[PDB]
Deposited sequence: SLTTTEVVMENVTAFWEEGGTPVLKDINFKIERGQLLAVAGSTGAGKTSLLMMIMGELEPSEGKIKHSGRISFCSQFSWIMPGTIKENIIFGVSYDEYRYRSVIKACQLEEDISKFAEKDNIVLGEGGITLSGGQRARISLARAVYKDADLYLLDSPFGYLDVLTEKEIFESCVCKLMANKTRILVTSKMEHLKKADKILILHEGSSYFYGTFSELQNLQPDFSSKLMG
């Protein structure tokens, strides 16, 4: 009877356009501190909107959202500010060389940085147009992981990566480096769902499944979707 709960949603319904159809309807879940929740579902299902509710950017019309803590958010827009790679990753936080190194290794940036003589000190322009798609994605993830937060909201960080790079980062970063952090990972990959503490599958704004992977194996659409 000591509770470890970090995020709760109870009977949550929300509208982006207050009057039409809800973007999220009757959503219920809870995440305990240090757990990984995988959020899956087709394009447009409401996955990012769910993260937005957690961040206070979308308010419910019904229900309650409970969370107290610092959030770090890795958006679908893999964005880059003018400045160095190092400056992009640290992004206004205090510098901790041990932490910085652990994050660049876990996000598979070691080999990319170590390529130039100027290492991670070379200035990027806004957009980081001289980087590869995957470099931009990894720098964006590294930024979110470097922040010292209580809840990590990782919105499909692996979209632009090849399947081998994605596997290595999911294992080193999400599963290992962040093992004791509360994480919500938007992903529909079945291998990732296996490793999650809990799973929420959304469909057209409603909950299609919520529970453990063993509870999912016992039941489908998810096997088509993943």
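Point out each run of deposited residues with no C-alpha coordinates, keeping the order of the sequence.
Unmodelled stretches, in sequence order: 220 to 221, 229.
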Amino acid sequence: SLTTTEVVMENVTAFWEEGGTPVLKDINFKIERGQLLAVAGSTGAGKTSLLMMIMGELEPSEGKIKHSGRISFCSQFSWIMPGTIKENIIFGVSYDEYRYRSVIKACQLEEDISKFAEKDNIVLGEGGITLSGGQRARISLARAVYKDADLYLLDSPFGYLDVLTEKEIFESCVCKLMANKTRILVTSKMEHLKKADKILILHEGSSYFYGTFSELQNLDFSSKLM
From here on, numbers count along this sequence of modelled residues.
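Between two forms, the rigid core is the largest collection of C-alphas that superpose within 1.5 Å.
After superposing on the rigid core, which of 158 to 166 and 40 to 48 has its C-alpha atoms sitting farther from this form in 7 other deposited structures of this protein?
Output: 158 to 166, the stretch lying farther off on average in 7 other deposited structures of this protein.
Rigid core fitted first, then name the stretch among 5 to 13 and 203 to 211 whose C-alphas deviate most from the displayed form in 7 other deposited structures of this protein.
Per-stretch check in 7 other deposited structures of this protein: the more divergent one is 5 to 13.
Averaging CA B factors per stretch from the PDB record, which one is higher: 108 to 116 or 68 to 76?
It is 108 to 116 that shows the higher mean C-alpha B-factor.
Could you check which stretch, 30 to 38 or 169 to 177, carries the larger mean CA temperature factor in the entry?
Comparing 30 to 38 with 169 to 177, the higher average CA B-factor belongs to 169 to 177.
Looking at the C-alpha B-factor values in the deposited entry, which of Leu216, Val23, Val12, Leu202 comes out highest?
In this record, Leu216 carries the highest C-alpha B-factor of the candidates.
Looking at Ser94, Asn88, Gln135, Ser102, which one carries the largest C-alpha B-factor according to the PDB entry?
Among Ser94, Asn88, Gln135, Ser102, the PDB entry lists the largest C-alpha B-factor for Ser94.
Ranking the modelled residues of this chain by C-alpha B-factor as given in the entry, is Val145 in the lowest, middle or highest third?
Tercile = lowest for this residue's CA B-factor.
Quick check for you: using the entry's CA B-factors within this chain, is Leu131 in the lowest, middle or highest third?
Its C-alpha B-factor belongs to the middle third of this chain's values.
Please place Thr187 in the lowest, middle or highest third of its chain by C-alpha B factor as given in the entry.
Answer is middle: the recorded C-alpha B-factor places it there.
By its CA B factor, does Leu50 count among the lowest, middle or highest third of the modelled residues in the chain?
Lowest third of the chain for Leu50's C-alpha B-factor.
What third of the chain does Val8 rank in for C-alpha temperature factor, lowest, middle or highest?
For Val8, whose C-alpha B-factor we compare with every modelled residue in the chain, the answer is the lowest third.
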